[PDB]
Amino acid sequence: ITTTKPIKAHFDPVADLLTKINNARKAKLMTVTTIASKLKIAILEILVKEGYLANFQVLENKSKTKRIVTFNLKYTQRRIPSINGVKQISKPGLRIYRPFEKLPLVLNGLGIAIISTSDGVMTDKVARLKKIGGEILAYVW
Amino acid sequence: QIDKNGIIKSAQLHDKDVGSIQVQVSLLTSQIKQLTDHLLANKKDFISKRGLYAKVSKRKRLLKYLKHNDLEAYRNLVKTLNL
Amino acid sequence: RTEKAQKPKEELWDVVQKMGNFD
Amino acid sequence: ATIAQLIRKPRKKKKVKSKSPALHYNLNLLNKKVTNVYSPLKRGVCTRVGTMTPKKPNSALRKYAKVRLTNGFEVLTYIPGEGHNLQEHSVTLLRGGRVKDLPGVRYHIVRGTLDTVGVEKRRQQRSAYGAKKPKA
RNA sequence: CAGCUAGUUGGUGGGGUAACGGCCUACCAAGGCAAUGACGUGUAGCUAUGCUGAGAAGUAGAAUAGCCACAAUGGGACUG
RNA sequence: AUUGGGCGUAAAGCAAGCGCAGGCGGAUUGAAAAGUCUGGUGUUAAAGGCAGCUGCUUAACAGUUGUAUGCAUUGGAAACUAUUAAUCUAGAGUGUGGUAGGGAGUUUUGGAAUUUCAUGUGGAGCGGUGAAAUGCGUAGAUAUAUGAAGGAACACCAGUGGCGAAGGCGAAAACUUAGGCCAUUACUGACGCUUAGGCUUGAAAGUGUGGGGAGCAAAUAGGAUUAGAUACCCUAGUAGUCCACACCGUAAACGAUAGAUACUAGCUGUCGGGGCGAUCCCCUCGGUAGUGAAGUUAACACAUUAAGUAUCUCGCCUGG
RNA sequence: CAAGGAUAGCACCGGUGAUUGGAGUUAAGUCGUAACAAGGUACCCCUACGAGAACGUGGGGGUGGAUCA
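Protein chains in written order, with my numbering: chain A, 961 to 1101; chain B, 203 to 285; chain C, 13 to 35; chain D, 32 to 167.
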């Protein structure tokens, strides 16, 4: 394959992802590329499984030399994205964390927040069930 | 003009430092000297003085890194951060 | 250069389609 | 603006011009520690009483009184009573509110209290005006 | 309100309240706090308890329970 | 207005550039786990309150129970941050090669001629407005041409041009040199980012300092006109416009749109650079533009150069 | 030893005081309409002076003016 339009360090992976997501929502665009990270891979896999986001492909040049991820949004056959709003939570200027018992259901009890904890990254419901809390990466609904 | 290649290759110890911190700080110091010479020969060139202050600042930050990473930067300090 | 293709399927060609049966 | 700058430039709430502070504090000898009791109606000696013209659309010869409170501030007020019972020296207890017609006037007065009692012949404003019980 | 602070700053020895403590002193000293604004300045008695609002927070710690302070102001000693 | 708001015209981005206090940071991995969760105990008072009951006729009131509530002390986790131990480039960038701007300054002149003087001739007008007049002309004008001098500023090229940090850059010629445009897994390996404080610069009036001052106009002064001209008319006309120095350091320096950073239908133009080839067409990237999608301002509209999208930092903002 | 009592120098803060700038307010005070049309002169911004004053003129910054393709 050929993954085009690489992005360098903007100021962080989270805002680099958010700007691409909102630009894809704006221009009705299908697939966009951003930086690669263990947290980004975890949240992207969990969003593929959650249904808000479509698949993704993580690519490398040879090593840490360049690691990116291309990601597509799930679209019905009407150019309607499955993403109805995603908000980044983990930020450089503000490191946000919440306990397992203080995680809400987004949308109307439907939206799923992505939460990394002391021992892994998971969804809000199973984060509450795990009895282990930590940082929040993205509120997705 | 830029006075680029000769100063780089003088600061280019090996083929592994074409854009290293060493050659960068050497370029900034040489540019500070050349800009002082020019702006003394050309007084009202405010572009030159603003660029000189910008290079002084970037040289300060380059030196703070070069002392943060390598501890041998100040044991042979011919580039002391004072200007 | 391929590292991992997480579900390599990608949606494409979103035709203008709605209420396909009206007869 | 942003939180990082908001820490250095905090929130600046709205400000209001002077309405009626002097009714709530007054001085006294033997420890000038102010009378922090927030008096609702505070005694004071009036200075001038008369009538003057409010704004153009709603003009009148409406009653006014320059009154002086116990504390330093003295102010020009309106008498919300039917007729004026202030004689440029009557001790009277002030009220809140603001008058948007008479210039120099931003106040109302408790009509009926320990002084300025008995306007009389009243169905409304008997708790005010100091009007007695409505005997037939 | 940008500089403030000469036990200031700490050390040996000695003395010291109930005692460690420059607590204080003989001797030896020049350092201590500070643009995250030092020093100074005046004030509030501090916690629980007192209200409003969902919340953010604001509103007193009057009196009070605990602690704390004067007990007319400032000292000294004695008792206990 | 974290919760719970703006910065184009109804607060508005610092006048411009650089920076620390301070703030945050790209990828992988390990230590540590402060931040993070987690396991607990102590205490955070009875009275007070949440839930509960009793009696006071009933709560008012009084009593009362499970529960609040903040610190310390305690096993861990590595997900990252503040830290540490290394690396990789892709952010700062740097290298190479191609590589342009009226960039600034420095150093020169050249002219349209402005004014003046002599050569002259000319033989009663010049001049100025909406109207005239004031003013200038008969020591010879109007005007004319030569020669000489002193100052000022450079006709066209001037761009849906580029660059310079804004301030700005245009008669040409040279130099020093900031910086730029194009593509580089190329090199340190985050060296980064801004910015309160801090550093420098900063149209200009106008200040004095030394020259000339060519010309003129603040002020001032006459004739108009006016209800009156030191306003609109002009003539006379200084500071000043000119330069050297500081200071003045403000501007409609406002795009009333901050700096660094990455992304968003297109379309039609331009300039520069890279490739190519009669030119050219064309492609690449920027710069420089716009209608307009989407998106966003009440609205006016911006719109790939946003007032669109988002991160770090700062400045400005609550009624007249 | 001491509550305290002092000197000449100074220092901090408050009110007052012949005389007085500035603000809102009287549908009914004085001149001319500068200026709002390109608003009777286009607006102004920074700065010098003067003018009752709207303001007027200088050197620069701009159109937050119309005309007009």
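Built from N, CA and C at the ideal position, the CB exists for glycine as well.
Throw me the rounded Cβ distance for the residue i and residue j pair, which I believe falls under 8 Å.
i                   : j                   : result
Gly-1094 of chain A : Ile-1075 of chain A : 6 Å
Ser-51 of chain D   : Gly-127 of chain D  : 6 Å
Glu-113 of chain D  : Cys-77 of chain D   : Wrong, their Cβ atoms sit about 18 Å apart, outside the cutoff.
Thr-1030 of chain A : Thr-993 of chain A  : 5 Å
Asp-35 of chain C   : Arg-1039 of chain A : Incorrect: roughly 26 Å between the Cβ atoms, too far for contact.
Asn-1015 of chain A : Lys-30 of chain C   : With 8 Å as the limit, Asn-1015 of chain A and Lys-30 of chain C do not qualify as a contact, their Cβ atoms being about 25 Å apart.
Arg-261 of chain B  : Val-227 of chain B  : 6 Å
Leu-100 of chain D  : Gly-135 of chain D  : The Cβ separation is near 16 Å, so there is no contact.
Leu-72 of chain D   : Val-65 of chain D   : About 18 Å; that fails the 8 Å criterion.
Taking just the CA atoms, how far does residue j sit from residue i?
i                       : j                   : result
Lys-1062 of chain A     : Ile-38 of chain D   : 26 Å
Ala-275 of chain B      : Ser-250 of chain B  : 28 Å
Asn-89 of chain D       : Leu-133 of chain D  : 10 Å
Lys-131 of chain D      : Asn-116 of chain D  : 22 Å
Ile-209 of chain B      : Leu-230 of chain B  : 10 Å
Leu-279 of chain B      : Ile-204 of chain B  : 25 Å
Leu-1033 of chain A     : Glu-1010 of chain A : 12 Å
residue 1110 of chain A : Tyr-1057 of chain A : There is simply no residue 1110 of chain A to check, as chain A begins at 961 and stops at 1101 in what is shown.
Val-80 of chain D       : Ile-34 of chain D   : 55 Å
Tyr-1099 of chain A     : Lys-235 of chain B  : 53 Å
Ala-53 of chain D       : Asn-67 of chain D   : 11 Å
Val-225 of chain B      : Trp-1101 of chain A : 50 Å
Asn-62 of chain D       : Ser-70 of chain D   : 19 Å
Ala-975 of chain A      : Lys-1051 of chain A : 8 Å
residue 921 of chain A  : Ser-997 of chain A  : Any question about residue 921 of chain A goes unanswered here, given that chain A covers just 961 to 1101.
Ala-1087 of chain A     : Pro-1059 of chain A : 9 Å
Sort out for me which residues DSSP pairs residue i with in a bridge.
i                   : result
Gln-214 of chain B  : DSSP lists no partner for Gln-214 of chain B.
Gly-1071 of chain A : A:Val-1066
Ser-1076 of chain A : A:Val-1081
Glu-105 of chain D  : D:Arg-99
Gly-1094 of chain A : A:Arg-1058
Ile-140 of chain D  : D:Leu-125
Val-992 of chain A  : A:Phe-1031
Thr-82 of chain D   : D:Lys-94
| message | Using a Cβ-Cβ cutoff of 8 Å, what residues of the stretch 1029-1041 of chain A are near chain C? List them in chain order. | response | Result list: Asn-1032, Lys-1034, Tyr-1035, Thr-1036, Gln-1037, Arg-1038, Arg-1039.
| task | Specify whether the stretch 109-124 of chain D and the stretch 136-147 of chain D touch according to this definition: at least 3 beta carbon pairs, one from each stretch, less than 8 Å apart. | result | yes
| message | I want to know whether the stretch 1045-1063 of chain A touches the stretch 1016-1026 of chain A - three or more CB-CB distances under 8 Å. | response | Touching, no.
| message | To be precise: take each residue of the stretch 1047-1060 of chain A, compare its Cβ to all Cβ atoms of chain C, and keep it if any distance is under 9 Å. Which residues remain? | response | none
| said: Taking contact to mean 3 or more Cβ pairs, one atom from each stretch, closer than 8 Å, check whether the stretch 1077-1089 of chain A and the stretch 217-229 of chain B are in contact. | reply: Proximity of the stretch 1077-1089 of chain A to the stretch 217-229 of chain B falls short of the contact definition, fewer than three beta-carbon pairs being nearer than 8 Å.
| the stretch 997-1019 of chain A: positions lying closer than 8 Å to chain C by Cβ | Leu-1004, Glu-1005, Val-1008, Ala-1014, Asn-1015, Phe-1016, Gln-1017, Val-1018, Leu-1019
| message | Output needed in chain order: residues of the stretch 14-28 of chain C with a Cβ under 9 Å from some Cβ in chain A. | response | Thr-14, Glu-15, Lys-16, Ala-17, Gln-18, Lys-19, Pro-20, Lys-21, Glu-22, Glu-23, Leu-24, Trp-25, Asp-26, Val-27, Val-28
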